[PDB]
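The next block holds one structure in the form of structure tokens; read it before the comments.
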Amino acid sequence: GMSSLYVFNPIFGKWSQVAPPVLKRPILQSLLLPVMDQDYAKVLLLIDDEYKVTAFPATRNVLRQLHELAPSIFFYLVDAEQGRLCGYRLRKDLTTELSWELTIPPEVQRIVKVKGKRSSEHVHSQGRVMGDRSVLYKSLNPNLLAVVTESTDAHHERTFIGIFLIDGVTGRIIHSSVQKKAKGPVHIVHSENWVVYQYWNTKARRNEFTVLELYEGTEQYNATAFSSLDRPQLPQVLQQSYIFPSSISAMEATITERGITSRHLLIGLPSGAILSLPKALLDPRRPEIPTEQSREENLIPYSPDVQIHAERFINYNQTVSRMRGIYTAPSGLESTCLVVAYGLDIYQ
Amino acid sequence: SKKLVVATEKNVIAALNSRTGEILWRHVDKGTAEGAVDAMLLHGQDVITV
Amino acid sequence: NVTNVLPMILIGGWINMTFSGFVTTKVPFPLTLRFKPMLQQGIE
Amino acid sequence: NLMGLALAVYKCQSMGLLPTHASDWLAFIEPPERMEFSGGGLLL
Amino acid sequence: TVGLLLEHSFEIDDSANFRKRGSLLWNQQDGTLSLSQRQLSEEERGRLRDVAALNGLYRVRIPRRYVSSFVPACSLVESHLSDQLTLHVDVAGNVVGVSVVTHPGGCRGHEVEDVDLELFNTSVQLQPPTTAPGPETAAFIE
Amino acid sequence: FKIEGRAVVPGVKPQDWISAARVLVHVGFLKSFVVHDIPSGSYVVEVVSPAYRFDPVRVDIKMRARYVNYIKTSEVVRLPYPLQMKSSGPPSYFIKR
Ligand SMILES: *[C@@H]1O[C@H](CO)[C@@H](O)[C@H](O)[C@H]1NC(C)=O
Ligand SMILES: *[C@@H]1O[C@H](CO)[C@@H](O)[C@H](O)[C@H]1NC(C)=O
Ligand SMILES: *[C@@H]1O[C@H](CO)[C@@H](O)[C@H](O)[C@H]1NC(C)=O
């Protein structure tokens, strides 16, 4: 359980002069806390196993900043062994008082993975213009997180996959869903106000996609602040489920600052090829024998058997073998994304 | 002739060119431990893998 | 009138057929939205 | 005289085509300011 | 049927001195939830207002048969003890979590006059997990 | 159990691209085409290539591969015997102007 902190300069490859502090205890987790110091450095809070915090650039200035704004900083921790979640908050001094707590029975549910929004994103539009020049506002909730579980009693009549959407601060479940007859290794994306997860159906022996969107309503509730200790009313979930003709490996979403341009989904097939899929094709609000509003809204009814044609494959003959992962980074031009596929063999 | 052969941990088999690091053929089979090699032998033109 | 207008309306077409697939500049006063599809004319 | 007919045309075209209203006002919104901060994840 | 204990707390220093605040009565057979409550003594009222004057927290706790949650005191006592509980469970039946939220909104500061708050105009509902729909093959067909 | 197969190209002198085949579904390699030591069920195989296309086949092993369509589980198009694939030229990943 020991832990070590190595600090350096990524340009030339050298250790820096400042020596890091010596960790005595097993570390659990860490966050980055973009607030700065007088030298333009983030602060990197680390949490001990005895629930004590350490702040790496521990200067006086940072400490007064913290003695001011500590109670707006919350940690969340998760252990899959016994299946329990916990959430702590700071104090004026650096300690932690348990705030919320939550369990899951480890005999019918076994956590697989946990996701949270990338902090380094910016979103342009707070609303979606409806057909008749109306507006549908969307619920963002920075501090949200998605949790995915699967069963223990694996047998292809009684298998099920579980989803939970939580707030990190309070510990209240927005949504709690179950998709039966599905077991497989899952693949998830949790972006600005939407969620996608891929799984495998044992009752028609085929892969599948499922998509979620969150919309609050027609009006705005404290449009300027969004404190998560003030929203009683929970939003309305939309969702939908499509099928997919193949298997999957690492999946990711594009990114660029200012969030303007359309967002795609980068899929890693098993054959090594990559696929770019438009998010606007996976929309739960799809006419389904259209009215004229949907017709105007050009919502492309309910595409059957979402298709695969080799005209949108990035890697023509540059296949990557195993493709355990993908990384997407933003340029400064706002029309390009920089892609890196890592497996047994690199691509860029 | 120009070449050498390896058999790695990642279950791969390669046929590198012995003038510059470059591959002629990989035959990667299986990440997980049901293709892991246990022996290797060269009969002067061919190979043998277990 | 005709002589005035026409060699001005024939050239806009040439341009928008030539310099089509990109953006040019920004006007510092907010405009109305319905007029979008004819001010950009290449963009998707 | 001219005022009346002019504004009548204005009002009719607003009543069917023009007005600056909600959808148009949408793009004049700065985004909210996150007040609370949550970071963490698995237990490494 | 089953019963469930329920504790509550609020202090000046955000400590834990959980005490009982009535019990829940849950029918397994058919989903039904009911509360049995006692109304506040006056010393608790005073302490609670002194808390709300500091943006402290009202904390609630129940057992697994643990689980907790919290909400500011201001957004509660400015609402004349209007609150709401949700009790989330699993597919097979086990307590999973507990949420306590007030109606409406948050703090403005306006005085309550401190005679309203002996009612506990509360409300409870459980909610199990919603299933999720298949891919609606009909429109896929035509 | 096992899966026999032939994997042919019309006139392209196979041997070269044998250096870059890895059949998935359990993984197999080329000579012709064989996959040893599997269980029995409804498995869909394809012949991977980075510069070629090969339509998949849905075996339902006694061997019978009927068709892959993914919409209507119950369907039989009775493909005779093992994984003839027709090597449908080069796939077009490039796009003109
Ligand atoms: C909005 O939130 C801010 C910060 O929490 C608060 O100061 C303001 O009073 C709120 N206004 C409304 C209308 O909710
Ligand atoms: C990849 O394929 C394209 C055509 O499909 C071909 O032009 C190119 O030379 C190939 N690359 C390599 C390295 O063989
Ligand atoms: C009790 O809850 C209802 C729910 O709408 C609310 O109308 C009522 O005002 C609440 N009671 C008090 C005393 O606020």
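Naming scheme: A, B, ... for chains in displayed order of the structure tokens; residues 1 onward per chain; ligands 1 onward as shown.
Environment of ligand 2, defined as every protein or nucleic acid residue with an atom within 7 Å of it and counting only C-alpha atoms and all ligand atoms, comprises residues 316 and 317 of chain A; 51, 90, 91, 92 and 93 of chain F.
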Would you write out those residues with N, CA, C and O atoms, as a PDB file, in the first residue's frame?
```
ATOM      1  N   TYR A 316      -7.125   3.379 -42.440  1.00  0.00           N
ATOM      2  CA  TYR A 316      -7.355   2.615 -43.660  1.00  0.00           C
ATOM      3  C   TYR A 316      -6.606   1.284 -43.654  1.00  0.00           C
ATOM      4  O   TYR A 316      -7.239   0.226 -43.702  1.00  0.00           O
ATOM      5  N   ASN A 317      -5.272   1.307 -43.588  1.00  0.00           N
ATOM      6  CA  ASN A 317      -4.447   0.109 -43.461  1.00  0.00           C
ATOM      7  C   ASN A 317      -3.435   0.300 -42.348  1.00  0.00           C
ATOM      8  O   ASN A 317      -2.297  -0.172 -42.429  1.00  0.00           O
TER       9      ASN A 317
ATOM     10  N   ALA F  51      -6.352  -4.616 -45.694  1.00  0.00           N
ATOM     11  CA  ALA F  51      -6.433  -4.105 -47.058  1.00  0.00           C
ATOM     12  C   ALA F  51      -7.444  -4.875 -47.899  1.00  0.00           C
ATOM     13  O   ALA F  51      -7.428  -4.770 -49.130  1.00  0.00           O
ATOM     14  N   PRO F  90     -10.593  -4.491 -52.988  1.00  0.00           N
ATOM     15  CA  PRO F  90     -10.095  -3.627 -51.918  1.00  0.00           C
ATOM     16  C   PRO F  90     -11.209  -2.763 -51.353  1.00  0.00           C
ATOM     17  O   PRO F  90     -11.973  -2.161 -52.123  1.00  0.00           O
ATOM     18  N   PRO F  91     -11.348  -2.665 -50.030  1.00  0.00           N
ATOM     19  CA  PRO F  91     -12.298  -1.690 -49.485  1.00  0.00           C
ATOM     20  C   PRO F  91     -11.817  -0.265 -49.714  1.00  0.00           C
ATOM     21  O   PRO F  91     -10.623   0.031 -49.629  1.00  0.00           O
ATOM     22  N   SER F  92     -12.768   0.619 -50.008  1.00  0.00           N
ATOM     23  CA  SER F  92     -12.485   2.025 -50.290  1.00  0.00           C
ATOM     24  C   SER F  92     -12.573   2.831 -49.000  1.00  0.00           C
ATOM     25  O   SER F  92     -13.660   3.247 -48.593  1.00  0.00           O
ATOM     26  N   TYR F  93     -11.426   3.086 -48.368  1.00  0.00           N
ATOM     27  CA  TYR F  93     -11.376   3.980 -47.218  1.00  0.00           C
ATOM     28  C   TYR F  93     -11.076   5.418 -47.609  1.00  0.00           C
ATOM     29  O   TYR F  93     -11.284   6.322 -46.793  1.00  0.00           O
TER      30      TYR F  93
END
```
Need the shell around range 41-50 of chain B: protein/DNA/RNA residues with any atom at most 12 Å away, counting only C-alpha atoms. Skip same-chain ones fewer than 3 positions apart. Format as a ChimeraX atom specification? /B:1,3-8,11-15,34-38
Take the residues just selected and output them with N, CA and C atoms as a PDB file, in the first residue's frame.
```pdb
ATOM      1  N   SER B   1      19.926 -15.325 -43.322  1.00  0.00           N
ATOM      2  CA  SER B   1      19.742 -14.700 -44.625  1.00  0.00           C
ATOM      3  C   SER B   1      19.691 -13.183 -44.513  1.00  0.00           C
ATOM      4  N   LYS B   3      17.743 -12.287 -41.286  1.00  0.00           N
ATOM      5  CA  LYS B   3      16.648 -12.292 -40.332  1.00  0.00           C
ATOM      6  C   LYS B   3      17.010 -13.016 -39.047  1.00  0.00           C
ATOM      7  N   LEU B   4      16.188 -12.752 -38.037  1.00  0.00           N
ATOM      8  CA  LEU B   4      16.190 -13.478 -36.782  1.00  0.00           C
ATOM      9  C   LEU B   4      14.750 -13.617 -36.322  1.00  0.00           C
ATOM     10  N   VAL B   5      14.555 -14.451 -35.310  1.00  0.00           N
ATOM     11  CA  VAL B   5      13.231 -14.807 -34.823  1.00  0.00           C
ATOM     12  C   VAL B   5      13.200 -14.669 -33.311  1.00  0.00           C
ATOM     13  N   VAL B   6      12.050 -14.250 -32.789  1.00  0.00           N
ATOM     14  CA  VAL B   6      11.824 -14.124 -31.361  1.00  0.00           C
ATOM     15  C   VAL B   6      10.479 -14.748 -31.013  1.00  0.00           C
ATOM     16  N   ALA B   7      10.249 -14.896 -29.710  1.00  0.00           N
ATOM     17  CA  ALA B   7       8.982 -15.401 -29.193  1.00  0.00           C
ATOM     18  C   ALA B   7       8.823 -14.819 -27.794  1.00  0.00           C
ATOM     19  N   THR B   8       7.980 -13.813 -27.689  1.00  0.00           N
ATOM     20  CA  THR B   8       7.950 -12.901 -26.566  1.00  0.00           C
ATOM     21  C   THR B   8       6.920 -13.313 -25.513  1.00  0.00           C
ATOM     22  N   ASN B  11       2.858 -13.246 -26.409  1.00  0.00           N
ATOM     23  CA  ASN B  11       2.330 -14.349 -27.189  1.00  0.00           C
ATOM     24  C   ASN B  11       2.634 -14.156 -28.669  1.00  0.00           C
ATOM     25  N   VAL B  12       3.459 -13.170 -29.005  1.00  0.00           N
ATOM     26  CA  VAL B  12       3.761 -12.830 -30.385  1.00  0.00           C
ATOM     27  C   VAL B  12       4.869 -13.727 -30.929  1.00  0.00           C
ATOM     28  N   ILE B  13       4.990 -13.739 -32.256  1.00  0.00           N
ATOM     29  CA  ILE B  13       6.098 -14.363 -32.970  1.00  0.00           C
ATOM     30  C   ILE B  13       6.491 -13.417 -34.095  1.00  0.00           C
ATOM     31  N   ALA B  14       7.765 -13.036 -34.144  1.00  0.00           N
ATOM     32  CA  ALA B  14       8.243 -12.039 -35.088  1.00  0.00           C
ATOM     33  C   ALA B  14       9.516 -12.511 -35.774  1.00  0.00           C
ATOM     34  N   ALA B  15       9.821 -11.853 -36.888  1.00  0.00           N
ATOM     35  CA  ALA B  15      10.792 -12.302 -37.877  1.00  0.00           C
ATOM     36  C   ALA B  15      11.712 -11.167 -38.300  1.00  0.00           C
ATOM     37  N   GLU B  34      -3.736 -18.243 -22.749  1.00  0.00           N
ATOM     38  CA  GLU B  34      -3.960 -19.548 -23.357  1.00  0.00           C
ATOM     39  C   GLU B  34      -3.240 -19.660 -24.697  1.00  0.00           C
ATOM     40  N   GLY B  35      -2.289 -18.769 -24.962  1.00  0.00           N
ATOM     41  CA  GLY B  35      -1.413 -18.855 -26.112  1.00  0.00           C
ATOM     42  C   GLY B  35       0.040 -18.674 -25.717  1.00  0.00           C
ATOM     43  N   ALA B  36       0.293 -18.539 -24.416  1.00  0.00           N
ATOM     44  CA  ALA B  36       1.635 -18.269 -23.921  1.00  0.00           C
ATOM     45  C   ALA B  36       2.590 -19.387 -24.304  1.00  0.00           C
ATOM     46  N   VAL B  37       3.721 -19.007 -24.876  1.00  0.00           N
ATOM     47  CA  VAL B  37       4.674 -19.977 -25.390  1.00  0.00           C
ATOM     48  C   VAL B  37       5.402 -20.627 -24.226  1.00  0.00           C
ATOM     49  N   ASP B  38       5.776 -21.888 -24.421  1.00  0.00           N
ATOM     50  CA  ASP B  38       6.508 -22.651 -23.429  1.00  0.00           C
ATOM     51  C   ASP B  38       7.802 -23.238 -23.964  1.00  0.00           C
TER      52      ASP B  38
END
```
Spatial neighbours of residue 36 in chain D, 12 Å, only C-alpha atoms, chain gap at least 5 places, as a PyMOL selection string: chain A and resi 33+69-75+89+141-144+167-170+225-230
Please produce, as a Markdown table, a per-residue contact table for chain C versus chain D (criterion: any atom at most 12 Å away, only C-alpha atoms considered), showing the nearest atom pair and its distance in Å to one decimal, sorted by chain then residue number.
```
| residue | atom | partner | partner_atom | distance |
| --- | --- | --- | --- | --- |
| C:29 | CA | D:28 | CA | 11.6 |
| C:30 | CA | D:28 | CA | 8.9 |
| C:31 | CA | D:24 | CA | 8.6 |
| C:32 | CA | D:24 | CA | 6.4 |
| C:33 | CA | D:24 | CA | 6.1 |
| C:34 | CA | D:18 | CA | 8.0 |
| C:35 | CA | D:18 | CA | 9.8 |
| C:36 | CA | D:24 | CA | 11.4 |
```
Any idea what the distance is between CA of residue 289 in chain A and CA of residue 135 in chain E? 15.0 Å
Once you count only C-alpha atoms and all ligand atoms, what closest atom pair and distance in Å to one decimal does each residue of chain E within 8 Å of ligand 1 have, with rows by chain and rising residue number, as a Markdown table?
```
| residue | atom | partner | partner_atom_place_in_ligand_line | distance |
| --- | --- | --- | --- | --- |
| E:105 | CA | ligand 1 | 14 (O) | 7.6 |
| E:106 | CA | ligand 1 | 14 (O) | 7.8 |
| E:107 | CA | ligand 1 | 9 (O) | 7.9 |
| E:108 | CA | ligand 1 | 9 (O) | 7.2 |
```
Only residues of chain A matter here; which ones have an atom within 12 Å of chain C, counting only C-alpha atoms? Give them as a PDB file with N, CA, C and O atoms, in the first residue's frame.
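Output saved as out39.pdb:
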```pdb
ATOM      1  N   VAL A 129     -33.013  24.334 -28.830  1.00  0.00           N
ATOM      2  CA  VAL A 129     -34.162  24.984 -29.441  1.00  0.00           C
ATOM      3  C   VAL A 129     -35.123  23.930 -29.971  1.00  0.00           C
ATOM      4  O   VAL A 129     -34.740  23.038 -30.740  1.00  0.00           O
ATOM      5  N   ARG A 133     -39.775  27.194 -32.245  1.00  0.00           N
ATOM      6  CA  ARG A 133     -39.022  28.297 -31.647  1.00  0.00           C
ATOM      7  C   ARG A 133     -39.148  28.333 -30.125  1.00  0.00           C
ATOM      8  O   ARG A 133     -39.027  29.391 -29.505  1.00  0.00           O
ATOM      9  N   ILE A 260     -18.214  23.793 -29.481  1.00  0.00           N
ATOM     10  CA  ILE A 260     -19.082  24.177 -30.590  1.00  0.00           C
ATOM     11  C   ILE A 260     -19.372  22.983 -31.486  1.00  0.00           C
ATOM     12  O   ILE A 260     -20.529  22.592 -31.678  1.00  0.00           O
ATOM     13  N   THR A 261     -18.327  22.386 -32.041  1.00  0.00           N
ATOM     14  CA  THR A 261     -18.505  21.511 -33.182  1.00  0.00           C
ATOM     15  C   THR A 261     -19.113  20.185 -32.754  1.00  0.00           C
ATOM     16  O   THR A 261     -19.104  19.813 -31.579  1.00  0.00           O
ATOM     17  N   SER A 262     -19.669  19.481 -33.735  1.00  0.00           N
ATOM     18  CA  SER A 262     -20.348  18.229 -33.459  1.00  0.00           C
ATOM     19  C   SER A 262     -19.393  17.248 -32.802  1.00  0.00           C
ATOM     20  O   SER A 262     -18.180  17.285 -33.022  1.00  0.00           O
ATOM     21  N   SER A 335     -11.316  23.138 -34.710  1.00  0.00           N
ATOM     22  CA  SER A 335     -11.902  22.314 -35.755  1.00  0.00           C
ATOM     23  C   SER A 335     -11.226  20.964 -35.880  1.00  0.00           C
ATOM     24  O   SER A 335     -11.639  20.156 -36.718  1.00  0.00           O
TER      25      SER A 335
END
```
Counting only C-alpha atoms, chain A residues within 8 Å of chain F, as a PyMOL selection string: chain A and resi 204+206+245+271+305+310-313+316-319
Resulting file, chosen residues, C-alpha atoms, as a PDB file, in the first residue's frame:
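Printed below is out_16.pdb as written:
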```pdb
ATOM      1  CA  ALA A 204     -30.857 -12.533 -29.174  1.00  0.00           C
ATOM      2  CA  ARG A 206     -26.140  -9.575 -30.126  1.00  0.00           C
ATOM      3  CA  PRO A 245     -23.456  -5.591 -35.695  1.00  0.00           C
ATOM      4  CA  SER A 271     -10.075  -6.108 -36.227  1.00  0.00           C
ATOM      5  CA  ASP A 305     -29.532  -1.482 -37.432  1.00  0.00           C
ATOM      6  CA  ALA A 310     -15.861   1.547 -44.552  1.00  0.00           C
ATOM      7  CA  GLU A 311     -15.946   5.191 -45.620  1.00  0.00           C
ATOM      8  CA  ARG A 312     -15.491   6.677 -42.128  1.00  0.00           C
ATOM      9  CA  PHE A 313     -12.668   4.438 -40.884  1.00  0.00           C
ATOM     10  CA  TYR A 316      -7.355   2.615 -43.660  1.00  0.00           C
ATOM     11  CA  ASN A 317      -4.447   0.109 -43.461  1.00  0.00           C
ATOM     12  CA  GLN A 318      -2.974   1.305 -40.164  1.00  0.00           C
ATOM     13  CA  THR A 319      -4.672  -1.258 -37.948  1.00  0.00           C
TER      14      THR A 319
END
```
What's around residue 81 in chain F at 9 Å? Count only C-alpha atoms, leave out sequence neighbours fewer than 2 positions away in its own chain, and write the answer as an NGL selection string. :F and (5 or 63-65 or 78-79 or 83-84)
Taking only C-alpha atoms and all ligand atoms and a cut-off of 8 Å, can you tell me which residues surround ligand 3, written as a VMD selection string? chain E and resid 79 to 83 103 116 119 to 123
Determine which residues of range 117-295 of chain A receive a DSSP assignment of alpha helix (DSSP H), computed from the backbone, and state them as a short mmCIF file (atom, residue, chain, number, x, y, z; two decimals) with N, CA, C and O atoms, in the first residue's frame.
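For reference, states_39.cif as written:
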```cif
data_model
loop_
_atom_site.label_atom_id
_atom_site.label_comp_id
_atom_site.auth_asym_id
_atom_site.auth_seq_id
_atom_site.Cartn_x
_atom_site.Cartn_y
_atom_site.Cartn_z
N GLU A 292 -45.33 16.51 -37.81
CA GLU A 292 -44.70 17.54 -38.62
C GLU A 292 -43.67 18.35 -37.83
O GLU A 292 -42.76 18.93 -38.44
N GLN A 293 -43.78 18.38 -36.51
CA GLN A 293 -42.75 19.02 -35.69
C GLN A 293 -41.42 18.28 -35.85
O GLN A 293 -40.40 18.88 -36.20
N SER A 294 -41.42 16.98 -35.56
CA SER A 294 -40.24 16.15 -35.80
C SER A 294 -39.73 16.30 -37.23
O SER A 294 -38.52 16.35 -37.46
N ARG A 295 -40.64 16.37 -38.20
CA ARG A 295 -40.25 16.58 -39.59
C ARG A 295 -39.44 17.86 -39.72
O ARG A 295 -38.35 17.86 -40.32
#
```
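Take CA of residue 23 in chain A and CA of residue 80 in chain A: the distance between them is 24.8 Å.
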Would you give me, as a PyMOL selection string, the residues of chain B that come within 9 Å of chain F, using only C-alpha atoms? chain B and resi 24-30
Expected file contents, prior selection, N, CA, C and O atoms, as a CSV table (one decimal), in the first residue's frame:
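Listed below is the output, again-v3.csv:
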```csv
chain,number,residue,atom,x,y,z
B,24,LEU,N,9.0,-8.2,-40.6
B,24,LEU,CA,8.5,-8.8,-41.8
B,24,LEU,C,7.1,-9.4,-41.5
B,24,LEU,O,6.1,-9.1,-42.3
B,25,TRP,N,6.9,-10.2,-40.5
B,25,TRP,CA,5.6,-10.7,-40.2
B,25,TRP,C,5.4,-10.9,-38.7
B,25,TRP,O,6.3,-11.6,-38.1
B,26,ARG,N,4.4,-10.3,-38.1
B,26,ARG,CA,3.9,-10.7,-36.8
B,26,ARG,C,2.8,-11.8,-37.0
B,26,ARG,O,2.2,-11.9,-38.0
B,27,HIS,N,2.6,-12.6,-36.0
B,27,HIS,CA,1.5,-13.5,-35.9
B,27,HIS,C,0.9,-13.6,-34.5
B,27,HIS,O,0.6,-14.7,-34.0
B,28,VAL,N,0.7,-12.4,-33.9
B,28,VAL,CA,0.1,-12.3,-32.6
B,28,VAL,C,-1.2,-13.1,-32.6
B,28,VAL,O,-2.0,-13.0,-33.5
B,29,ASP,N,-1.4,-13.9,-31.5
B,29,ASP,CA,-2.5,-14.7,-31.4
B,29,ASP,C,-3.5,-14.3,-30.3
B,29,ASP,O,-4.7,-14.1,-30.5
B,30,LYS,N,-3.0,-14.2,-29.1
B,30,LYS,CA,-3.9,-14.2,-27.9
B,30,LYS,C,-3.2,-13.5,-26.7
B,30,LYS,O,-2.3,-14.0,-26.1
```
Residues of chain E within 9 Å of chain F, using only C-alpha atoms, as a JSON list (two decimals) with C-alpha atoms, in the first residue's frame?
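out.json was written with the following content:
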```json
[["chain", "number", "residue", "atom", "x", "y", "z"],
["E", 137, "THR", "CA", -38.18, -3.67, -33.23],
["E", 140, "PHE", "CA", -37.17, -1.22, -37.26],
["E", 141, "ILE", "CA", -39.32, -3.58, -39.33]]
```
